[PDB]
Amino acid sequence: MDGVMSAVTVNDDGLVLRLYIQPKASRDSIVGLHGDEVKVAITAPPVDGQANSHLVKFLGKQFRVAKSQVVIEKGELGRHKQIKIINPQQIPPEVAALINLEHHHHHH
């Protein structure tokens with residue numbers, strides 16, 4: 001069972017998220033953000049100067065967050081990159097999957 005570190009990881013007051021950027025795209029093309037590793041592509045290199053712009057913007061509306069919560073961890077020098085989402089707000093229906101967890105005591 002050599003697999004305990006999933007793409008998504010919860011934390012004290014946030015969660016980690018793996019990534020995989022790919023140059024030459026013109027727009028944050030969401031290949032298939034489905035755990036394991038979220039691939040993406042942009043015409044902007046990993047240059048924290050311009051790369052951080054689109055990166056935050058995209059994941060900003062998607063997760064309804066921003067720099068005030070989005071923080072680049074490492075791996076920024078390539079596709080394999082991690083980001084810690086501090087105290088989010090919402091998420092895409094995709095993640096809404098692992099969110100059932102029936103509540104205690106069934107309501108009439």
# chains A, B, ... in the order shown; residues from 1 in each chain; ligands from 1

call {"tool": "closest_atom_pairs", "arguments": {"of": "stretch 30-71 of chain A", "to": "stretch 83-86 of chain A", "cutoff": "7 Å", "atoms": "only C-alpha atoms", "output": "JSON lines"}}
result
{"residue": "A:69", "atom": "CA", "partner": "A:86", "partner_atom": "CA", "distance": 4.8}
{"residue": "A:70", "atom": "CA", "partner": "A:85", "partner_atom": "CA", "distance": 5.2}
{"residue": "A:71", "atom": "CA", "partner": "A:84", "partner_atom": "CA", "distance": 5.6}

call {"tool": "write_last_selection", "arguments": {"atoms": "N, CA, C and O atoms", "output": "compact mmCIF listing (two decimals), in the first residue's frame"}}
result
# COMPACT_ATOMS: atom_id res chain seq x y z
N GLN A 69 -5.01 33.98 0.98
CA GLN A 69 -5.14 32.60 1.45
C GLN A 69 -4.27 31.65 0.63
O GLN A 69 -3.82 30.63 1.13
N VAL A 70 -4.04 31.99 -0.64
CA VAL A 70 -3.23 31.15 -1.52
C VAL A 70 -1.75 31.46 -1.31
O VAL A 70 -1.34 32.62 -1.37
N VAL A 71 -0.97 30.42 -1.07
CA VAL A 71 0.46 30.58 -0.84
C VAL A 71 1.24 29.47 -1.53
O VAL A 71 0.98 28.29 -1.32

call {"tool": "select_by_dssp", "arguments": {"residues": "chain A", "states": "strand (DSSP E)", "output": "JSON list (two decimals) with C-alpha atoms, in the first residue's frame"}}
result
[["chain", "number", "residue", "atom", "x", "y", "z"],
["A", 8, "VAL", "CA", -5.21, 16.59, -1.61],
["A", 9, "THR", "CA", -4.12, 16.82, 2.03],
["A", 10, "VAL", "CA", -5.94, 18.40, 4.98],
["A", 14, "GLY", "CA", -5.88, 24.57, 5.42],
["A", 15, "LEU", "CA", -4.94, 21.92, 2.86],
["A", 16, "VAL", "CA", -2.12, 21.10, 0.44],
["A", 17, "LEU", "CA", -2.64, 20.60, -3.29],
["A", 18, "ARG", "CA", -0.28, 19.12, -5.89],
["A", 19, "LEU", "CA", 0.04, 20.58, -9.39],
["A", 20, "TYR", "CA", 1.61, 19.97, -12.80],
["A", 38, "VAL", "CA", -3.77, 18.32, -11.09],
["A", 39, "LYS", "CA", -2.26, 19.01, -14.51],
["A", 70, "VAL", "CA", -3.23, 31.15, -1.52],
["A", 71, "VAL", "CA", 0.46, 30.58, -0.84],
["A", 72, "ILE", "CA", 3.03, 28.89, -3.08],
["A", 73, "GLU", "CA", 4.99, 26.21, -1.21],
["A", 74, "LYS", "CA", 7.64, 24.68, -3.48],
["A", 80, "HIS", "CA", 5.34, 19.49, -9.87],
["A", 81, "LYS", "CA", 4.27, 22.28, -7.52],
["A", 82, "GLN", "CA", 2.42, 22.39, -4.20],
["A", 83, "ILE", "CA", 0.12, 25.08, -2.81],
["A", 84, "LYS", "CA", -1.43, 25.49, 0.64],
["A", 85, "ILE", "CA", -5.03, 26.74, 0.67],
["A", 86, "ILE", "CA", -5.58, 28.53, 3.98]]

call {"tool": "closest_residue", "arguments": {"among": "A:29, A:6, A:100, A:22", "to": "residue A:76", "atoms": "only C-alpha atoms"}}
result
A:22

call {"tool": "atom_distance", "arguments": {"atom1": "atom CA of residue A:65", "atom2": "atom CA of residue A:88"}}
result
6.4 Å

call {"tool": "closest_residue", "arguments": {"among": "A:47, A:53, A:30, A:36", "to": "residue A:75", "atoms": "only C-alpha atoms"}}
result
A:47

call {"tool": "closest_residue", "arguments": {"among": "A:23, A:3, A:60, A:78", "to": "residue A:43", "atoms": "only C-alpha atoms"}}
result
A:23

call {"tool": "select_by_dssp", "arguments": {"residues": "chain A", "states": "alpha helix (DSSP H)", "output": "VMD selection string"}}
result
chain A and resid 51 to 63

call {"tool": "atom_distance", "arguments": {"atom1": "atom CA of residue A:62", "atom2": "atom CA of residue A:44"}}
result
19.1 Å

call {"tool": "atom_distance", "arguments": {"atom1": "atom CA of residue A:11", "atom2": "atom CA of residue A:31"}}
result
26.0 Å

call {"tool": "decode", "arguments": {"residues": "stretch 44-87 of chain A", "atoms": "N, CA and C atoms", "output": "PDB file, in the first residue's frame"}}
result
ATOM      1  N   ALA A  44       2.591  31.194 -19.704  1.00  0.00           N
ATOM      2  CA  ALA A  44       3.465  31.900 -18.775  1.00  0.00           C
ATOM      3  C   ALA A  44       4.315  30.907 -17.987  1.00  0.00           C
ATOM      4  N   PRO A  45       5.619  31.045 -18.037  1.00  0.00           N
ATOM      5  CA  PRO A  45       6.541  30.137 -17.301  1.00  0.00           C
ATOM      6  C   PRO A  45       6.265  30.167 -15.798  1.00  0.00           C
ATOM      7  N   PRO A  46       7.035  29.452 -15.015  1.00  0.00           N
ATOM      8  CA  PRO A  46       6.854  29.406 -13.538  1.00  0.00           C
ATOM      9  C   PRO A  46       7.367  30.673 -12.857  1.00  0.00           C
ATOM     10  N   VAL A  47       7.641  31.702 -13.658  1.00  0.00           N
ATOM     11  CA  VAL A  47       8.138  32.965 -13.126  1.00  0.00           C
ATOM     12  C   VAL A  47       7.151  33.542 -12.113  1.00  0.00           C
ATOM     13  N   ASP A  48       7.502  33.436 -10.832  1.00  0.00           N
ATOM     14  CA  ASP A  48       6.653  33.948  -9.756  1.00  0.00           C
ATOM     15  C   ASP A  48       6.165  35.364 -10.072  1.00  0.00           C
ATOM     16  N   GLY A  49       6.837  36.025 -11.012  1.00  0.00           N
ATOM     17  CA  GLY A  49       6.464  37.381 -11.401  1.00  0.00           C
ATOM     18  C   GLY A  49       5.113  37.401 -12.117  1.00  0.00           C
ATOM     19  N   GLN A  50       5.020  36.679 -13.234  1.00  0.00           N
ATOM     20  CA  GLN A  50       3.777  36.626 -14.007  1.00  0.00           C
ATOM     21  C   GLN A  50       3.027  35.318 -13.758  1.00  0.00           C
ATOM     22  N   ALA A  51       3.775  34.245 -13.509  1.00  0.00           N
ATOM     23  CA  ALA A  51       3.170  32.937 -13.269  1.00  0.00           C
ATOM     24  C   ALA A  51       2.223  32.971 -12.071  1.00  0.00           C
ATOM     25  N   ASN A  52       2.611  33.696 -11.025  1.00  0.00           N
ATOM     26  CA  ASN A  52       1.787  33.794  -9.821  1.00  0.00           C
ATOM     27  C   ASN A  52       0.455  34.484 -10.118  1.00  0.00           C
ATOM     28  N   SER A  53       0.473  35.424 -11.060  1.00  0.00           N
ATOM     29  CA  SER A  53      -0.735  36.157 -11.423  1.00  0.00           C
ATOM     30  C   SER A  53      -1.847  35.198 -11.848  1.00  0.00           C
ATOM     31  N   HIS A  54      -1.708  34.640 -13.048  1.00  0.00           N
ATOM     32  CA  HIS A  54      -2.697  33.702 -13.580  1.00  0.00           C
ATOM     33  C   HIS A  54      -2.999  32.594 -12.574  1.00  0.00           C
ATOM     34  N   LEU A  55      -1.940  31.960 -12.072  1.00  0.00           N
ATOM     35  CA  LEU A  55      -2.077  30.874 -11.105  1.00  0.00           C
ATOM     36  C   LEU A  55      -3.092  31.218 -10.014  1.00  0.00           C
ATOM     37  N   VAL A  56      -2.845  32.316  -9.302  1.00  0.00           N
ATOM     38  CA  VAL A  56      -3.739  32.741  -8.225  1.00  0.00           C
ATOM     39  C   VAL A  56      -5.126  33.090  -8.762  1.00  0.00           C
ATOM     40  N   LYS A  57      -5.169  33.854  -9.853  1.00  0.00           N
ATOM     41  CA  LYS A  57      -6.447  34.255 -10.444  1.00  0.00           C
ATOM     42  C   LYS A  57      -7.330  33.036 -10.701  1.00  0.00           C
ATOM     43  N   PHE A  58      -6.806  32.091 -11.476  1.00  0.00           N
ATOM     44  CA  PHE A  58      -7.542  30.874 -11.807  1.00  0.00           C
ATOM     45  C   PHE A  58      -8.030  30.167 -10.545  1.00  0.00           C
ATOM     46  N   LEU A  59      -7.087  29.632  -9.770  1.00  0.00           N
ATOM     47  CA  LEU A  59      -7.431  28.929  -8.536  1.00  0.00           C
ATOM     48  C   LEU A  59      -8.170  29.855  -7.574  1.00  0.00           C
ATOM     49  N   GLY A  60      -8.160  31.149  -7.882  1.00  0.00           N
ATOM     50  CA  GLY A  60      -8.834  32.136  -7.048  1.00  0.00           C
ATOM     51  C   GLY A  60     -10.346  31.991  -7.161  1.00  0.00           C
ATOM     52  N   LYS A  61     -10.869  32.148  -8.376  1.00  0.00           N
ATOM     53  CA  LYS A  61     -12.309  32.029  -8.603  1.00  0.00           C
ATOM     54  C   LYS A  61     -12.774  30.594  -8.372  1.00  0.00           C
ATOM     55  N   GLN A  62     -11.992  29.635  -8.870  1.00  0.00           N
ATOM     56  CA  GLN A  62     -12.331  28.221  -8.721  1.00  0.00           C
ATOM     57  C   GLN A  62     -12.584  27.872  -7.256  1.00  0.00           C
ATOM     58  N   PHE A  63     -11.633  28.227  -6.396  1.00  0.00           N
ATOM     59  CA  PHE A  63     -11.757  27.950  -4.967  1.00  0.00           C
ATOM     60  C   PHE A  63     -12.299  29.172  -4.227  1.00  0.00           C
ATOM     61  N   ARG A  64     -12.576  30.235  -4.982  1.00  0.00           N
ATOM     62  CA  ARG A  64     -13.093  31.477  -4.405  1.00  0.00           C
ATOM     63  C   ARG A  64     -12.146  32.005  -3.322  1.00  0.00           C
ATOM     64  N   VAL A  65     -10.857  32.070  -3.659  1.00  0.00           N
ATOM     65  CA  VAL A  65      -9.841  32.557  -2.727  1.00  0.00           C
ATOM     66  C   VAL A  65      -8.896  33.540  -3.428  1.00  0.00           C
ATOM     67  N   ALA A  66      -7.760  33.824  -2.786  1.00  0.00           N
ATOM     68  CA  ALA A  66      -6.768  34.747  -3.341  1.00  0.00           C
ATOM     69  C   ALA A  66      -5.500  34.734  -2.492  1.00  0.00           C
ATOM     70  N   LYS A  67      -4.524  35.557  -2.875  1.00  0.00           N
ATOM     71  CA  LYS A  67      -3.253  35.641  -2.149  1.00  0.00           C
ATOM     72  C   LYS A  67      -3.480  35.680  -0.637  1.00  0.00           C
ATOM     73  N   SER A  68      -4.590  36.293  -0.228  1.00  0.00           N
ATOM     74  CA  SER A  68      -4.933  36.405   1.189  1.00  0.00           C
ATOM     75  C   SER A  68      -5.081  35.018   1.823  1.00  0.00           C
ATOM     76  N   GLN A  69      -5.009  33.984   0.984  1.00  0.00           N
ATOM     77  CA  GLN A  69      -5.138  32.605   1.453  1.00  0.00           C
ATOM     78  C   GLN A  69      -4.270  31.653   0.626  1.00  0.00           C
ATOM     79  N   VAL A  70      -4.044  31.994  -0.643  1.00  0.00           N
ATOM     80  CA  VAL A  70      -3.232  31.152  -1.517  1.00  0.00           C
ATOM     81  C   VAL A  70      -1.754  31.463  -1.314  1.00  0.00           C
ATOM     82  N   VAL A  71      -0.969  30.418  -1.066  1.00  0.00           N
ATOM     83  CA  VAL A  71       0.462  30.579  -0.838  1.00  0.00           C
ATOM     84  C   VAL A  71       1.242  29.470  -1.535  1.00  0.00           C
ATOM     85  N   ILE A  72       2.211  29.861  -2.364  1.00  0.00           N
ATOM     86  CA  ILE A  72       3.033  28.886  -3.076  1.00  0.00           C
ATOM     87  C   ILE A  72       4.035  28.257  -2.112  1.00  0.00           C
ATOM     88  N   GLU A  73       4.084  26.930  -2.102  1.00  0.00           N
ATOM     89  CA  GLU A  73       4.991  26.213  -1.212  1.00  0.00           C
ATOM     90  C   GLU A  73       6.346  25.978  -1.879  1.00  0.00           C
ATOM     91  N   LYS A  74       6.400  25.004  -2.786  1.00  0.00           N
ATOM     92  CA  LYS A  74       7.643  24.681  -3.484  1.00  0.00           C
ATOM     93  C   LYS A  74       7.356  23.972  -4.801  1.00  0.00           C
ATOM     94  N   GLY A  75       8.421  23.604  -5.510  1.00  0.00           N
ATOM     95  CA  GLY A  75       8.279  22.935  -6.797  1.00  0.00           C
ATOM     96  C   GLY A  75       7.920  23.956  -7.865  1.00  0.00           C
ATOM     97  N   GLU A  76       7.849  25.214  -7.438  1.00  0.00           N
ATOM     98  CA  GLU A  76       7.516  26.322  -8.331  1.00  0.00           C
ATOM     99  C   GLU A  76       8.408  26.335  -9.571  1.00  0.00           C
ATOM    100  N   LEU A  77       9.557  25.663  -9.495  1.00  0.00           N
ATOM    101  CA  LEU A  77      10.482  25.624 -10.626  1.00  0.00           C
ATOM    102  C   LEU A  77      10.157  24.458 -11.561  1.00  0.00           C
ATOM    103  N   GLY A  78       8.885  24.331 -11.934  1.00  0.00           N
ATOM    104  CA  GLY A  78       8.478  23.253 -12.833  1.00  0.00           C
ATOM    105  C   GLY A  78       6.987  22.958 -12.730  1.00  0.00           C
ATOM    106  N   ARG A  79       6.606  21.778 -13.210  1.00  0.00           N
ATOM    107  CA  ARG A  79       5.211  21.352 -13.185  1.00  0.00           C
ATOM    108  C   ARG A  79       4.822  20.922 -11.779  1.00  0.00           C
ATOM    109  N   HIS A  80       5.595  19.992 -11.222  1.00  0.00           N
ATOM    110  CA  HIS A  80       5.342  19.494  -9.874  1.00  0.00           C
ATOM    111  C   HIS A  80       5.447  20.638  -8.873  1.00  0.00           C
ATOM    112  N   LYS A  81       4.298  21.165  -8.464  1.00  0.00           N
ATOM    113  CA  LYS A  81       4.274  22.275  -7.517  1.00  0.00           C
ATOM    114  C   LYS A  81       3.160  22.080  -6.497  1.00  0.00           C
ATOM    115  N   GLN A  82       3.407  22.524  -5.267  1.00  0.00           N
ATOM    116  CA  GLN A  82       2.418  22.390  -4.203  1.00  0.00           C
ATOM    117  C   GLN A  82       1.954  23.760  -3.728  1.00  0.00           C
ATOM    118  N   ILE A  83       0.699  23.831  -3.289  1.00  0.00           N
ATOM    119  CA  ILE A  83       0.124  25.085  -2.806  1.00  0.00           C
ATOM    120  C   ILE A  83      -0.767  24.815  -1.598  1.00  0.00           C
ATOM    121  N   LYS A  84      -0.634  25.652  -0.574  1.00  0.00           N
ATOM    122  CA  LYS A  84      -1.427  25.493   0.640  1.00  0.00           C
ATOM    123  C   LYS A  84      -2.607  26.462   0.649  1.00  0.00           C
ATOM    124  N   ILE A  85      -3.820  25.913   0.645  1.00  0.00           N
ATOM    125  CA  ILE A  85      -5.029  26.735   0.666  1.00  0.00           C
ATOM    126  C   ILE A  85      -5.469  26.974   2.107  1.00  0.00           C
ATOM    127  N   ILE A  86      -5.222  28.183   2.602  1.00  0.00           N
ATOM    128  CA  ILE A  86      -5.579  28.531   3.975  1.00  0.00           C
ATOM    129  C   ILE A  86      -7.051  28.938   4.073  1.00  0.00           C
ATOM    130  N   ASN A  87      -7.734  28.405   5.095  1.00  0.00           N
ATOM    131  CA  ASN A  87      -9.151  28.699   5.339  1.00  0.00           C
ATOM    132  C   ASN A  87      -9.882  29.099   4.054  1.00  0.00           C
TER     133      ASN A  87
END
